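Encoded as structure tokens, the structure appears first; notes follow it.
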Amino acid sequence: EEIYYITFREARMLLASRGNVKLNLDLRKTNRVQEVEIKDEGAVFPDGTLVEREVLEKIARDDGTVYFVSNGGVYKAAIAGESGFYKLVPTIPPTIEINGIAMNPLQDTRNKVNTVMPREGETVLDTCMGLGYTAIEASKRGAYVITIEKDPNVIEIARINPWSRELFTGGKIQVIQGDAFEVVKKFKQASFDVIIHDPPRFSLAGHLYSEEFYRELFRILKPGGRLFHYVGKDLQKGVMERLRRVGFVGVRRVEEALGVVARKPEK
Ligand code: NA
Ligand code: NA
Ligand code: NA
Ligand code: NA
Ligand code: NA
Ligand code: NA
């Protein structure tokens, strides 16, 4: 029934600890710890499954993947599909690896969402899900979030990540699978109070930096609507330039969040 998430951190703990220990089994999502009694042949979890020393040693040495204990057995939070191999990586919080792809982390997503300050009663567009962390943070403020994910395997990996749970627990957030450049075309004009645009790097996602795309972002924003465009330069240049060309105003760097904000006029 319950899933116990375990990474190298927990396995090392259990191989080197004695008797019984209190450990966190949802990847620090909920701060709660549970007792796992240690035996010679392995560790038995709060469900009664014994993960044998063999398994814990294996995962104690593999610090590059998340594991979980579901029903009878232990499992690896990964998926083989199409031409890529995706896996959840035991960072805090977890990150996704697609064959091989990318206080620091969770503050960074709060800095991003802080640029546009989504409020209760507002609708936000998050153009590139990833694991959903920006979409979730924007929804925890009270806004209704639409978030686009191109890769159905990213969505499936998000599904077993306890940190992406709010993408799927009812509503507050709605997940569109598809191509963001094409999806935004089928959005109605003046739909969104804020847009958070966090695309892949220029060289791999040039069309998400195009005037054509920015015009679509412009069209679908409400008057007075807010845009954050991540940048992470010479492209910041064009981004700022192309956003004004398209209609945006208040276009400026936000240094903390490594991006550009903009505001659609005619409030
Ligand atoms: Na496996
Ligand atoms: Na507001
Ligand atoms: Na995003
Ligand atoms: Na995200
Ligand atoms: Na989040
Ligand atoms: Na796209």
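Numbers and lists here come from the model and the stated rules, or from a named source; nothing here is a laboratory result. Using ideal geometry, Cβ is built from the backbone for each residue, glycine included, and neighbour counts are taken over all protein chains shown.
Exactly one residue out of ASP108, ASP126 is within 16 Å of ligand 6 (Cβ to nearest atom) and charged (D, E, K, R), and it is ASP126.
Of the listed requirements (1) in a strand (DSSP E or B); (2) touching a helix residue (DSSP H, G or I) at 6+ places or on another chain (Cβ under 9 Å), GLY238 misses just one: (1). Beta carbons closer than 6 Å, at least 6 apart along the sequence or on distinct chains, pair a first residue in segment 119-145 that is closer than 14 Å to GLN177 by Cβ with a second that is within 10 Å of ligand 3 (Cβ to nearest atom) and in a loop (DSSP other than H, G, I, E, B) for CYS128/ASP198; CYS128/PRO199.
All of (1) buried (at least 17 other Cβ atoms within 10 Å of the Cβ); (2) within 20 Å of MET129 (Cα to Cα) hold for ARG201 with one exception: (1). Against the conditions (1) surrounded by fewer than 15 Cβ atoms within 10 Å (Cβ to Cβ); (2) assigned to a strand (DSSP E or B), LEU23 satisfies every one except (1). Residue-level check: of (1) touching a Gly at 6+ places or on another chain (Cβ under 8 Å); (2) assigned to a helix (DSSP H, G or I), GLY142 misses just (2).
When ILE92, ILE98, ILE157 are checked against the criterion of being within 16 Å of ligand 4 (Cβ to nearest atom), touching a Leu at 6+ places or on another chain (Cβ under 7 Å) and over 30 Å from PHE218 (Cα atoms), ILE157 stands alone in meeting it. The listed residues are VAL183, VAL175, and the only one of them that is in the same structural domain as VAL239 (by TED's automatic domain parsing) and part of a helix (DSSP H, G or I) turns out to be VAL183.
Considering each residue of segment 182-197, count those that are closer than 24 Å to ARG159 by Cα and either of a type in the set (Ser, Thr, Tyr) or surrounded by fewer than 19 Cβ atoms within 10 Å (Cβ to Cβ) (or both), and give that number. Final tally of qualifying residues: 1. Among the residues of segment 114-130, are any within 16 Å of ligand 4 (Cβ to nearest atom), in contact with a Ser or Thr (Cβ under 7 Å, 6 or more places away or on another chain) and closer than 20 Å to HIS197 by Cβ? Yes, some residue in segment 114-130 is within 16 Å of ligand 4 (Cβ to nearest atom), in contact with a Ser or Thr (Cβ under 7 Å, 6 or more places away or on another chain) and closer than 20 Å to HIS197 by Cβ. A residue that is farther than 21 Å from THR169 by Cβ, within 16 Å of ligand 5 (Cβ to nearest atom) and more than 16 Å from the chain's Cα centre (by Cα) cannot be found anywhere in segment 131-142.
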